[PDB]
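# Chains, contacts and geometry: an overview
One letter stands for each residue in the lines below.
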Protein chains: 2
Amino acid sequence: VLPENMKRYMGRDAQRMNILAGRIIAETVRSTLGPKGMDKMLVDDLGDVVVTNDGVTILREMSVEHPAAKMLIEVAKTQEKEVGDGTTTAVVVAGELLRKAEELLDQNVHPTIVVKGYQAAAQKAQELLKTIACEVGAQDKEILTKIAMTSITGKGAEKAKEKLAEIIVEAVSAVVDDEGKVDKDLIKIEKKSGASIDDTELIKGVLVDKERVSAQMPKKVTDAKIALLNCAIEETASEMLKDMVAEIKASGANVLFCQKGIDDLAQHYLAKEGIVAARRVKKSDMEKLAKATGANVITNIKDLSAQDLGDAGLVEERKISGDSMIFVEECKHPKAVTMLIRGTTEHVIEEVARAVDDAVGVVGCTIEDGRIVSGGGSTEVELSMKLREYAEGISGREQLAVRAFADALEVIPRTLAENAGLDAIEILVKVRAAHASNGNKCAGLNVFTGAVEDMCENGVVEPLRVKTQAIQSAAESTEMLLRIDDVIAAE
Amino acid sequence: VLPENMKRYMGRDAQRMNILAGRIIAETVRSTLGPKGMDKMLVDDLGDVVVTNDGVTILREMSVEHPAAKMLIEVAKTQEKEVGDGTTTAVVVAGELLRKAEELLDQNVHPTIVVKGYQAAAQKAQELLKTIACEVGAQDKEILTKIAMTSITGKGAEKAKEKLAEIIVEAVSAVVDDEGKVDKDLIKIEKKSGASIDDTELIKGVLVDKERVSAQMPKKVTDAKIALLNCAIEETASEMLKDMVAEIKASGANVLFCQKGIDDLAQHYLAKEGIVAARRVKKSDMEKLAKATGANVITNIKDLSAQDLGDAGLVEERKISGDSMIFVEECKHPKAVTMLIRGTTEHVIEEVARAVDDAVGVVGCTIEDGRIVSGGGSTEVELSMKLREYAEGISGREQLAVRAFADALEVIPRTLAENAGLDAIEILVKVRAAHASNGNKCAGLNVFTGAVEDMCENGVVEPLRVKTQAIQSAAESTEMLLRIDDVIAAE
C-alpha cells in the first residue's frame, strides 16, 4: 500500500510530531526578540562556532530533521527578504498559536472549526491593526526621527539613535521624488574608524573606496568636472594609452573614476596635466558617483568627455583611519547620498550602516503608508481587548477560535516582561486598562522602569509595514501547518 | 510443489492479509474526498517531500508492499484516465464494502453468495441512478452553470465558481458541433497574474506566450491576415533567407507565427516591411491559432500564402503582469477558444485552468448524457432507502448482500458529516426523509450550516459522467478483489 519511505501518522500520532516540531524551534526563538533577550551559539558539522540572536540565520544553519519543521524556515525566510524586521514575531506566535490549537484539537474540534476562527480573526485583526494606526504624515520630521529611532533599538547602539535617525531622515527625504515611492539603493553607508557615535555626517554625494592612481595627480581639486569611464583606458604600451589620456584633458576633466583600470605610464600623463584618476573602481562605485556628482555613466574610457560629466564641490583623497579614500561633496542634484559613519570598530559602523538601510526602508513605508504604530506591545494588548469583545459577537466553535487568538496575542507583551524578570499579570492589567482609554499611541511595555508608557511621547515607535506583514504572513502560515493531518515519512 | 520464496494463505490467514491490505489503503484516503478533506504528506527514499489530497498520486508514490494492495492503485488509476472526478469514490467505498463483506465471510457464507447480491445491487443501482436524474436539456444555461460549479468545488477557488462557470459555458457552447459531442482541445487555458477571481475573460481566439521576434516589426496590427508557417524560414545566411521573407510580404502576412522560427537578418527583413513574426512557437499554439484566426495549418514557410490565411480583429503584443504576450482576438470563426484567467499566483491560475478543463469534460457529458444529479449525497441516501426495500424483495443469500451494499452507501454522506464534526445520526434521517418526498434534485448535505438541502436551488450539482462511471468502476473492482482466496508468495 506504500512503499517508498513510509512510517505513517494521522490524528494523535500526527499531532505529536507536528507540535513537537513547531514548539521546538519556537522555544529556540522565544528569548531573542527585543530588549530582553539573548544570544545563541550555533555549531555544525564543520565544528564551526557561531553566536547569533536573529531568527532567520538561527534556523538556516541548524540542519533540521522534521520536514514539517522545515516548512517553518520558510516562514521566517519570507519575512526577512521582504520587510526584514519581525522574523521573530511572525514565527514565534506561529508556534504559540499552535500550542493553543492543541488544547482544542484535544477537545476533538474538527480542525475545521478552529481554522474557521483564526481566519476571521486574521481578517478582523486587519481592521484593528489599521485603526490603531496613529496617523502622522509623511515628511513631518518629529515622527520621522521616532520611526528612525525604532529602526535603531536593541542594537549596539541604540545610543547614537538620535544622530543615526537624523542624517538618515535627511538622506531619505532627499532621495524620494513624487511622494510615495521610497528608494533604498540610493543611500550608501561608508564605515571608517575614529570619532564617536554622533559625528556621522551626510555629504550630499558619493564616498568611494579609492586611492589616487598616479602619485603625480594633485591631492585635491576645487571646482572639478569628474568623468565617468566604466570601460578601458588599457591599450598595450606607448601610443594607444597616450591618445586615451590626451583626450580626457581635451574635453574638460580634472577628475576621473574608471571602472576599468590604468597602466603605469598613463597615470604619469594624467598627473602631468593635473588630472587625478581612480583605479579598479567598482560599478557599485560608478552609479553612486553618477548621481553624487551628477554624471551620466558611459561605457569605456575612450568616450570620456565633460558633458556626460559632473559638477563637484570638493574632491580630496583623505586617509581616514589608515586607509585612503576619495570624497565627492558639495553635490548639485544628489538623488542618492552617502552617509559617512564614524565609529568604534568596523562592527558599530556596519551596524549604523544597517541602522540606516532598515531606517530608509521602514520610512519608505511611512511614504506609501504614513501610518505609525505601537511601541512594541502597544498594539497587541489593544488587539487583545477588542478582539475578545469581538468574540462575544461570533458564536459557536468560532467563539473559541477568536478568543484563543487574542489571548495568544499576549504572548509577545508577556515574554518581554518575563525576560525582564517582571511580574506579568500586574503589567498586563496596567497596559490593557491604559490602552482602552488613551489610544494607539499611548500604551506601552517599557522594559526599563517596568510600567505602561507613551511609546509615542518617548517615541520609541516603528513603521506600519513591519507590523502588518509580520502578523499576516505568520498567521496563515501556521494554519497551513495546522491542517496536514497525515505524515508518511522518509528521507 | 511451489518455488522459491513460497509462503501460502487461504481463509483465516488469507482473508486477514487481503482485508488488511484493503482497509489500510482506504483508511488512508477516506478523510480526503469532499468539502471536509485534509492534505497528506508523502516522502520517498530519494528524500523528496510532497503534499497531496487526490487519491491517484497518493498511491502512486507510496511504494506499496502487498501485491493485492497493488491491484488497488489499478482501480483509482482507470478512474483518473477517463473522467478524473471520483478517484476517492471508487476506491474508498471499495474498501469499506470489503469490511462489511468480512462480517459475512466470518458468517461462513459462500463468497459465491455475497457476490450474488453485490452484482444484482450494482445492476439495480443502475436503475436507481438513472431516475434520481433531475433531467434538463444540454445547451440550457442554469444547469450549465451548476455542472460548471460542481466541477469547481473543494478547490483553490470554488470561490470564483460563478465567474469560473460563466466563461467556461460560453467557451463550450461556442465549440460544440452537432449537439452530441464535446471537444476539449479546442479550449486553451492561459494563466497570468493581475486581477481578482471574477475578472477572467473569454477571448474569441488564441493568446500565446510569444513576444515580437524583431524589434522593428509594428507593435499592433489592425485588420490582420495571420499566417501559419510550421516550416523552416531557415536557409544559409544572405539571399535564400531574403526571398523567404519577400514571399511573406507577397501573400499578405501582416502577422506570422512559425513553428520553426527565424534567423537574424530575417527578423530585420520582417520588421522592415511591417510584418510581425513569433519564433519557436509550439505545435500547440499552432493548432489553436489555426482555429483562433481561422487558418489552415501549413508545411513550411514558403507555402505561407494568403488563402491558407486568417482574419483577426485585434493583434497587439501587450505586457501583462510583467511579461509580454501576443493577443489574437475579434475571431470570426472560433471553433475553439482561449480563456484568459486572472488571479493570484501561478497557482490560483493553473487551478482555474483545471477547473475549466474538467468543466469542459463534464459539459462534453451532459451532451453525452442529458442529465444531472445532486451532490454530496442525494443519490446515495436515495439509493439507500430504495435498495433497502428492494432487499425484502429478493430472498436468500442475496438479501444479506443487497442490505449491506445500501448501508455501505451511507459511508460517504456520513463521513462528510463527521469531518464537519457534526452529528451523523440526525442528518442522515433528515436527508433520507427529505428525499423520498421532494425529489431527486433536492435532498442534500451542506456542510456549512448543517442541514438537508436543495442542491439544485443552490447551484451545487454534479455531471453524470461523474456518478455513472465512479460507481461502476469501483463496485466491480472491489468484488473481483474479493474473490481471490489463495495467496502463494514470492519476491
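In the nomenclature of the PDB entry, chain A is known as Chaperonin of Methanococcus maripaludis. For this structure, the PDB header gives the title as "Atomic Model of the Lidless Mm-cpn in the Open State".

Okay, the overall build of chain A next. Across its full length, chain A holds 22 helices and 11 strands. Projected onto its principal axes, the C-alpha coordinates of chain A cover approximately 90 × 60 × 40 Å. Taken across its 491 residues, chain A has 51% of its residues classed as buried. A separation threshold of at least 6 residues defines the contact pool for chain A, and within that pool the share at least 24 residues apart is 72%. By element, 46% of the accessible surface of chain A is carried by carbon and sulfur atoms, the whole surface being about 23,200 Å².

What follows concerns helix α4 (residues 87-95) of chain B. Residues and elements named next belong to chain B. In terms of burial, α4 is a largely internal element, 8 of the 9 residues being buried. Inspection of α4 places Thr87, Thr88, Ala90, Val91, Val92, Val93, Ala94 and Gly95 among the buried residues, and these make up the whole buried set. Next to the buried residues of α4 lie α1 (11-30), α2 (55-61), α3 (74-82), α16 (411-419) and α19 (465-475).

Let us now look at the packing of aromatic side chains. We describe a pair of aromatic rings using the distance from one ring centre to the other and the angle between the two ring planes. Applying the stated rule across the entire model yields 2 aromatic pairs over all chains. Between the aromatic rings of B:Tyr118 and B:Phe405, the centroid separation amounts to 5.4 Å while the plane-to-plane angle is 85°, which identifies the pairing as edge-to-face. With B:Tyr118 in helix α6 (residues 114-129) and B:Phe405 in helix α15 (residues 397-406), this pair connects stretches of sequence that are 287 residues apart. Assigned by exposure class, B:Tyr118 and B:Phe405 land together as buried. Lying across the ring of A:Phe327, A:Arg318 places its NZ or CZ 4.7 Å from the centre.

Residue and element names in this part refer to chain A. Taken together, the 3 strands give an open sheet; going across it, the order is β4-β10-β5, and neighbouring strands pair in mixed fashion. The sheet is open, and its two edges are formed by β4 (187-193) and β5 (201-203), each paired on a single side. Across the sheet, the axes of successive neighbouring strands diverge by a mean angle of 30°, strand direction being ignored. Taken together, the 7 bridges between β4 and strand β10 (residues 337-343) define a ladder with parallel strand orientation. By the bridge assignment, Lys191 is partnered in β10 with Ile341. Lying on the sheet, helix α14 (residues 346-363) is in contact with β4 and β10; it crosses β4 at an angle near 165°.

Bringing the interface of chain A and chain B into the picture now. Residue-level contacts link 20 residues of chain A with 30 residues of chain B. Counting each side, the surface lost to burial between chain A and chain B is near 2,200 Å², with a carbon and sulfur contribution of 62%. On the chain A side of the contact with chain B, A:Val1, A:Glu4 and A:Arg483 bury the most area, a combined 32% of that side's loss. Where chain A meets chain B, there are 1 salt bridge.

A:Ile233, A:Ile248, A:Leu256, A:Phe257, A:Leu270 and A:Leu304 are the most contacted members of the largest nonpolar core, which totals 43 residues. The set of elements that each furnish at least two residues to this core consists of β6 (226-229), α10 (240-245), β7 (255-258), α12 (264-270) and α13 (283-292) of chain A. Excluding residues within four positions of it along the chain, A:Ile233 makes contact with A:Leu241, A:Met244, A:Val245, A:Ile248, A:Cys258, A:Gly261, A:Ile262, A:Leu270 and A:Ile301. Counting residues in hydrophobic clusters, the runner-up holds 42 residues, among them B:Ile233, B:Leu241, B:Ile248 and B:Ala277.

This paragraph deals with the domain arrangement of chain A. As far as domains go, chain A holds domain 1 (5-136 + 371-491), domain 2 (137-203 + 335-370) and domain 3 (204-334). Averaged C-alpha coordinates put domain 1 of chain A and domain 3 of chain A at centres separated by 52 Å.

So, about the pairing of strand β8 (residues 317-320) of chain B. Residue and element names in this part refer to chain B. Where β8 and strand β9 (residues 323-326) come together, 4 bridges link them in antiparallel fashion. In the strand pairing of β9, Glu317 is matched with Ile326. Counting the residues in the hairpin turn of β8 and β9 gives 2 residues, including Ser321, whose phi is positive at 65°.

This part covers a nonpolar patch on the surface. All names here are of chain A. A contiguous nonpolar surface patch, about 310 Å² in accessible area, is contributed by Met41, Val43 and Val49. For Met41, the location among the structural elements is in strand β2 (residues 41-43). A relative accessible area of 62% means that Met41 is categorised as exposed.

On to unusual backbone geometry, then. Of note, A:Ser374 is a non-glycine position whose phi angle comes to about 65°, a positive value. Tracing the backbone through its elements, the reader meets A:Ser374 in the loop between α14 and α15 (378-387). If you check the backbone angles, B:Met6 has positive phi at about 50° while not being a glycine.

Below, the discussion takes up the pattern of salt bridges. Within this structure, the stated rule accounts for 44 salt bridges over all chains. A:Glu190 is the partner of A:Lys192 in a salt bridge, and the nearest nitrogen-oxygen pair spans 2.9 Å. Pair check on accessibility: A:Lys192 and A:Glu190 agree, each one buried. We note a salt bridge from B:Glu158 to B:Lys161, for which the minimum N-O separation is 2.6 Å. B:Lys161 gets classed as buried once you look at its relative accessible area, which sits at 14%. Several salt bridges share partner residues, and in doing so they unite A:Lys188, A:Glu190, A:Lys192, A:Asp209 and A:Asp285 into one network.

For the rest of this paragraph, the subject is the state of the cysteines. Considering all chains together, one arrives at 0 disulfides over all chains under this definition. Free of any disulfide, A:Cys365 has its nearest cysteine sulfur in A:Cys134, 15 Å distant. A disulfide-free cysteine, B:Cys331 has its sulfur positioned 20 Å from the sulfur of B:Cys258, the nearest such atom.

The next thing to look at is the environment of B:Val221. Along the chain, B:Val221 turns up in the loop between β5 (191-192) and β6 (226-229). The spatial distance from the C-alpha of B:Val221 to the C-alpha of B:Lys204 is 17 Å, given a sequence separation of 17 residues.

For the rest of this paragraph, the subject is the packing of helix α7 (residues 142-149) of chain B against helix α8 (residues 161-175) of chain B. Residues and elements named next belong to chain B. α8 packs onto α7 with a crossing angle of 115° between their chain directions and a minimal axis gap of 8 Å. The element α7 and its partner α8 pack so that their crossing is right-handed. Along the contact surface, α7 presents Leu144, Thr145, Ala148 and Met149, while α8 presents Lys161, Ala165, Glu166, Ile168, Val169 and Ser173. Per-class residue counts for the contact of α7 with α8 are 6 nonpolar, 2 polar and 2 charged.

Moving on: the side chain of A:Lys161. Residues and elements named next belong to chain A. Within the secondary structure layout, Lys161 lies in helix α8 (residues 161-164). Within the local environment of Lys161, its side chain forms a polar contact with the side chain of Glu158, the two groups lying 3.1 Å apart. Residue contacts for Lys161: discarding those within four places in its chain leaves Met149 and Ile152.

Conventions and cut-offs
- Residues numbered from 1 in each chain as written, not as in the entry; some residues may be left out.
- Chains lettered and ligands numbered in written order.
- Part of a larger assembly, values for the part shown.
- Heavy atoms only, no water.
- Helix = DSSP H or I, 4+ residues; strand = E, 2+ residues; numbered from the N terminus.
- Buried < 20%, exposed > 50% of the residue type's maximum accessible area, 1.4 Å probe, protein only.
- Contact = heavy atoms within 4.5 Å.
- Areas by Shrake-Rupley, 256 points an atom, 1.4 Å probe, with all protein chains shown as cover.
- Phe/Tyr/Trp six-rings, centres within 6.5 Å; stacked < 30°, edge-to-face > 60°.
- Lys NZ or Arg CZ within 6 Å of the ring centre and 35° of its normal.
- Pairing = 2+ DSSP bridges.
- Axes fitted to C-alpha atoms, helices over the stretch in contact; angles between N-to-C directions.
- Buried area = accessible area lost by both parts, 1.4 Å probe.
- Salt bridge = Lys/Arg side-chain N within 4 Å of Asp/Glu carboxyl O.
- Core = buried A, V, L, I, M, F, W, Y, C linked by side-chain atoms within 4.5 Å.
- Domains from an automatic or database assignment.
- Patch = residues over 30% accessible without salt bridge, like charges linked within 9 Å, V, L, I, M, F, W, Y side chains within 5 Å.
- Disulfide = S-S within 2.5 Å.
- Left-handed = near helix turned anticlockwise from the far one by under 90°.
- Nonpolar A, V, L, I, M, F, W, Y, C, P; charged D, E, K, R; others polar.
- Polar contact = N/O pair within 3.5 Å; in protein donor to acceptor, adjacent residues only side chain to side chain.

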